[PDB]
Amino acid sequence: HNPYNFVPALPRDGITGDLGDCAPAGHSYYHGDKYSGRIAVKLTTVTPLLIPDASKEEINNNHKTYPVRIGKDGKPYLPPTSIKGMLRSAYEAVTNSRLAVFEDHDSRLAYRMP
RNA sequence: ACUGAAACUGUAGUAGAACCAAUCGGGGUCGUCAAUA
């Protein structure tokens, strides 16, 4: 298997309700019908997790060696941004939202003739 | 065919009240490139 695949981003014209485009609930108050609060999550690794600290990357002959990123207690500092981006991309998939990061992609790509 | 004199433009008054330097973003990952014989 190729180590990547894709999740189809179905078009979303005519999608309605909470999966549609909607005005945001907002932050001004806790809405009577809408949930707020704390979710506690356990994350456990199944395969090893790379958390490279690019601030401490060391280079020889243009090759970069990364240590693990560690916190003020010397345990691995898994960034919440890295969790959030995993979670968001997973969320965007199963919810089929707009794709949050689409770069320009506005030039025609190129290929070579046989 | 005799200059008026003398008299503080001063006294009171907080450039201040309200306002989040903030919103979004996995330190990530695969096949291209060259054109002829």
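Throughout, a chain's letter reflects where its sequence line sits, starting with A, and its residues are numbered from 1.
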Closer than 3.5 angstrom, by distance alone: can the side chain of [X] be matched with the main-chain N or O of [Y] as a donor-acceptor pair?
{"X": "A:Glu58", "Y": "A:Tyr66", "answer": "no"}
{"X": "A:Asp53", "Y": "A:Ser55", "answer": "yes"}
{"X": "A:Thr95", "Y": "A:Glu92", "answer": "no"}

Ring geometry between A:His31 and A:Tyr29 (parallel below 30°, tilted from 30 to 60°, perpendicular above 60°):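 Parallel.
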Heavy-atom neighbours of [X] [atom1] exceed 12 at 6.0 Å:
{"X": "A:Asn2", "atom1": "CG", "result": "yes"}
{"X": "A:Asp18", "atom1": "CG", "result": "no"}
{"X": "A:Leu10", "atom1": "CG", "result": "yes"}
{"X": "A:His1", "atom1": "NE2", "result": "no"}

Tell me the closest heavy-atom pair linking [X] and [Y], and the distance in Å.
{"X": "A:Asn96", "Y": "A:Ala9", "answer": "OD1-CA, 3.6 Å"}
{"X": "A:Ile70", "Y": "A:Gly74", "answer": "CG2-O, 3.7 Å"}
{"X": "A:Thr45", "Y": "A:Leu49", "answer": "CG2-CB, 4.1 Å"}
{"X": "A:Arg98", "Y": "A:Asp21", "answer": "NH2-OD2, 3.0 Å"}

Inter-residue atom distance A:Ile51.CD1 - A:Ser82.OG, 0.5 Å rounding: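 Spacing of CD1 (A:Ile51) from OG (A:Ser82) equals 7.5 Å.
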CE on A:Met86 to OG1 on A:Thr81, rounded to 0.5 Å: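 If we round to the nearest 0.5 Å, A:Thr81:OG1 and A:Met86:CE are 11.5 Å apart.
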Linked, directly or transitively: A:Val7 and A:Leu87 (ILVMFWY side chains, under 4.5 Å):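 Result: no, two separate clusters.
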Side-chain contact test, heavy atoms from C-beta onward, threshold under 4.5 Å: evaluate it for [X] versus [Y] and give yes or no.
{"X": "A:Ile83", "Y": "A:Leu43", "result": "yes"}
{"X": "A:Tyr77", "Y": "A:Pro80", "result": "yes"}
{"X": "A:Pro79", "Y": "A:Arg69", "result": "yes"}
{"X": "A:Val101", "Y": "A:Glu103", "result": "no"}

